[PDB]
């Protein structure tokens, strides 16, 4: 259920589609911007080592012959469709949207038919076509220049007549006007749609593709007219952005997939592990593809948290007797609490114990190098200073749950044996367990 990031080096604008043939299909922008690659695997982690087939290469002359950008693969009405953007050999900045089609069972080995340009009423810079279905009605969303606006691209949506043709007229549903949307360039690009609880959430990327790259989001009700701009409300702050603490910079151009069991939504995105671009921004090849689980807030909105540290993804721990309440820190004091808005406060990664002897330690996701540790029997999230005292205070023996020895987890203090991590008045402590309540207070679940 956890992932190891990054999923793929030197792959930007990642798109993963989970098909009914029990495979995931992964396409992405390559640094040479010259072809469309594809890989498949039965699991998300499998993708990291799956070999890439080149399914289509740029034309030698004319259209579809430059800047092959941001492919997406979809299965629609028994056929495969690939959406991408391309300029021409003559005008490399006349980027337009194109579609490929294959009828083959396996798209990696099939042959592809070019269905041509997705025509729009305005002849202007267009890219990042995505398709999605709301109440059985297929839509296209994309980024395009509105020439009467002083910016790079705005977001558009339209109904579709077929997978390569819009129906009716587009609606512009967002334009880059907030300060975090306008750093370097005034950009709204990379639309991506996830549906949950009767709402449509359309994330998109904003600002220059540097450390300022981030995700904003539009929200609408699935029952509303998606072609009425008034149905969409823009989030006033980014929903996903650079985290210096975790060394993740300019996360963006995302897509959405689902876990192996189909139970969890997965955020698929790119970023860099450094802040400042060297050379022509466009020529920096180092963006990499990453995966993390999407968590749903009580109000029904998605919570993407922060881009997590490289390596294994962190987990959340819920209480046995208060199954809605999660271990989280606030002012560095550990507690249990429901409906954690600052998600990363409730994410921890399980690492080999700082004090050895087969113990475990719980590293903070938003404060790497900080760990759950006790002091005077109270539990805090504090920075490891390298002292023996800290390492002892931050190490625990994993035990079978005290109220659930099958599925539950308990955490026995390494330096105070017989004292367990337990909540009391919602604050976390290390205390002995004698009573039935004590045992419940000391039992937790990871990602249940």
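Numbering follows the first chain given and starts at 1.
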- Message: Mean Cα B factor from the PDB record: higher for 328-336, or higher for 206-214?
- Response: 206-214
- Comparing 389-397 with 56-64, the one whose average Cα B-factor in the PDB entry is higher: 56-64
- Message: Comparing recorded Cα B-factors across 97, 105, 266, 372, which one is largest?
- Response: 105
- One of 345, 260, 72, 363 has the largest Cα B-factor in the entry, namely 260
- Query: According to the PDB entry, is the CA B factor of residue 276 in the bottom, middle or top third of its chain, that is, lowest, middle or highest?
  - Reply: highest
- Task: Quick one: classify residue 378 as lowest, middle or highest third of the chain based on its Cα B-factor.
- Result: middle
- By the entry's values, the third containing the CA B factor of residue 139 is the lowest
- Item | Chain-relative CA temperature factor third for residue 186 | highest
- If you rank the chain by CA B-factor, which third does residue 410 end up in: lowest, middle or highest? middle
